[PDB]
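Below is one structure, written out as structure tokens; the observations come after it.
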Amino acid sequence: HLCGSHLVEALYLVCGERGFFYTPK
Amino acid sequence: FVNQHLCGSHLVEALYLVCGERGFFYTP
Amino acid sequence: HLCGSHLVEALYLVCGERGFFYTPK
Amino acid sequence: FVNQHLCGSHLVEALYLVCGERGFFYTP
Amino acid sequence: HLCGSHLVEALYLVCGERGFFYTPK
Amino acid sequence: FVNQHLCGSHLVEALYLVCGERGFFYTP
Amino acid sequence: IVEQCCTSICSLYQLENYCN
Amino acid sequence: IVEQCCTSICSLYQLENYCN
Amino acid sequence: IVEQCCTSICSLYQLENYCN
Amino acid sequence: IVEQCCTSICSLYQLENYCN
Amino acid sequence: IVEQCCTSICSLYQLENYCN
Amino acid sequence: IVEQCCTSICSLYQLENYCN
Ligand SMILES: NCCc1c[nH]c2ccc(O)cc12
Ligand SMILES: NCCc1c[nH]c2ccc(O)cc12
Ligand SMILES: NCCc1c[nH]c2ccc(O)cc12
Ligand SMILES: NC(=[NH2+])NCCC[C@H](N)C(=O)O
Ligand SMILES: NC(=[NH2+])NCCC[C@H](N)C(=O)O
Ligand SMILES: NC(=[NH2+])NCCC[C@H](N)C(=O)O
Ligand SMILES: [Cl-]
Ligand SMILES: [Cl-]
Ligand SMILES: [Zn+2]
Ligand SMILES: [Zn+2]
């Protein structure tokens with residue numbers, strides 16, 4: 001269960017070197 | 001740059017709160 | 001919804017350069 | 001001092017847990 | 001109430017200099 | 001090493017997600 | 001603080017209030 | 001993202017999808 | 001650990017137990 | 001963002017330039 | 001606190017001096 | 001882990017060597 005800033009933290013573990021988009025809606 | 005990588009961790013947390021329902025884009 | 005350490009993280013984004021008090025009760 | 005600013009982020013998280021219902025004061 | 005990564009953060013405040021094991025199950 | 005201590009904070013968060021129900025061991 | 005931002009919803013603009 | 005990883009459960013492998 | 005500190009409430013003093 | 005914001009302390013306006 | 005605690009690793013006693 | 005991973009950026013394989 002990955003919600004709020006924890007979802008962003010998880011996105012960063014995986015993609016932080018490549019970069020990513022976060023678009024909740 | 002390790003200290004930038006650590007720093008990036010903090011920035012995305014800050015963008016998360018700063019941006020709201022709009023979301024954000026992160027890119028080194 | 002900003003509770004526990006997330007409320008403190010949010011307080012810090014805004015005030016971390018000025019300083020602040022956190023007094024839950 | 002960026003690395004102190006990053007460091008401050010960690011300290012307030014630590015004071016949050018350390019202090020309990022008392023709360024804390026943070027000041028550079 | 002210390003769950004998920006917050007429990008790990010709390011484990012780290014106390015033990016981060018000594019080291020620790022985290023074994024949820 | 002302060003910046004390693006800060007760095008350790010990030011590693012355990014990363015191991016938490018990386019490892020799952022297995023858990024992990026942290027040791028300087 | 002907790003009522004303003006955890007019970008009710010909050011703004012980063014509103015939290016400027018608590019800066020010392 | 002939120003459905004995939006907050007509503008339903010997610011994998012770190014599945015989140016590689018969102019890397020730009 | 002999870003019962004002690006997530007299910008029941010915990011102390012930072014009690015978590016010294018788990019330091020290796 | 002890294003260039004601008006891991007160098008000097010950025011401000012909440014520097015940061016808001018990376019909202020969508 | 002920054003002076004004392006972002007310089008050397010502080011201890012949980014250094015930190016507790018900033019509780020209210 | 002500190003030696004390997006606070007020096008260079010580690011990868012998710014370096015990290016997974018510290019799972020139980
Ligand atoms: N005004 C400081 C906002 C802020 C919070 N965390 C940060 C991390 C890096 C940075 O450049 C800026 C920040
Ligand atoms: N005994 C280490 C406690 C601790 C946790 N995080 C910290 C950050 C800075 C510091 O000086 C100390 C700490
Ligand atoms: N592939 C980067 C994963 C990662 C996330 N956080 C980290 C902190 C330190 C490190 O060496 C590596 C990481
Ligand atoms: N570093 C992380 N992303 N940790 C995940 C923690 C899970 C947390 N209980 C949540 O609401 O998602
Ligand atoms: N960096 C932050 N303050 N994030 C806010 C995350 C919201 C979280 N679900 C909470 O209980 O408040
Ligand atoms: N830095 C920390 N460990 N903070 C504890 C925050 C409590 C959080 N609501 C939880 O699910 O546990
Ligand atoms: Cl939570
Ligand atoms: Cl850091
Ligand atoms: Zn949380
Ligand atoms: Zn950090």
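Lettering of chains follows the sequences in order, A, B, ..., and the numbering in each one begins at 1.
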>> Less than 2.5 angstrom apart at the SG atoms, yes or no, for K/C5 and K/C10?
In response: yes
>> If you compare all heavy atoms of A/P24 against all heavy atoms of B/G23, which two are closest, and at what distance to 0.1 Å?
In response: CD-CA, 3.5 Å
> How many angstroms lie between atom CD1 of J/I1 and atom CD of B/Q4, to the nearest 0.5 angstrom?
Replying inline: 12.5 Å
>> Quick check: closest heavy atoms across B/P28 and A/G16, and the distance to 0.1 Å?
In response: CG-O, 3.6 Å
>> Before you tell me yes or no, could you show the steps for F/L17 and A/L2 under side-chain contact (heavy atoms from CB on, under 4.5 Å), namely the whole-Å CA-CA distance, both residues' side-chain angles and the distance that decides it to 0.1 Å?
In response: CA-CA 10 Å; F/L17 293 171; A/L2 289 181; 3.8 Å; yes
> Where does the angle between the aromatic ring planes of E/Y12 and E/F20 fall among parallel (under 30°), tilted (30 to 60°) and perpendicular (over 60°)?
Replying inline: perpendicular
> Does a side-chain heavy-atom distance below 4.5 Å link L/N20 with E/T23?
Replying inline: yes
> Just checking, is any N or O donor in the side chain of K/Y18 or K/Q4 under 3.5 Å from an acceptor N or O on the other one?
Replying inline: yes
>> Before you tell me yes or no, could you show the steps for H/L12 and F/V18 under side-chain contact (heavy atoms from CB on, under 4.5 Å), namely the whole-Å CA-CA distance, both residues' side-chain angles and the distance that decides it to 0.1 Å?
In response: CA-CA 7 Å; H/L12 288 313; F/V18 167; 5.8 Å; no
> Among F/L6, F/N3, F/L11, which residue meets the side-chain contact (heavy atoms from CB on, under 4.5 Å) test with L/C6?
Replying inline: F/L11
> Closest heavy-atom contact between K/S11 and K/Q14?
Replying inline: OG-OE1, 2.6 Å
>> To the closest 0.5 Å, what do you measure between CD (E/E9) and OG (F/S9)?
In response: 7.0 Å
> Between D/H5 and D/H10, does the ring centroid distance fall short of 6.0 Å?
Replying inline: no
> Nearest heavy-atom pair of K/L15 and D/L15: which atoms, and what distance?
Replying inline: O-CD2, 3.2 Å
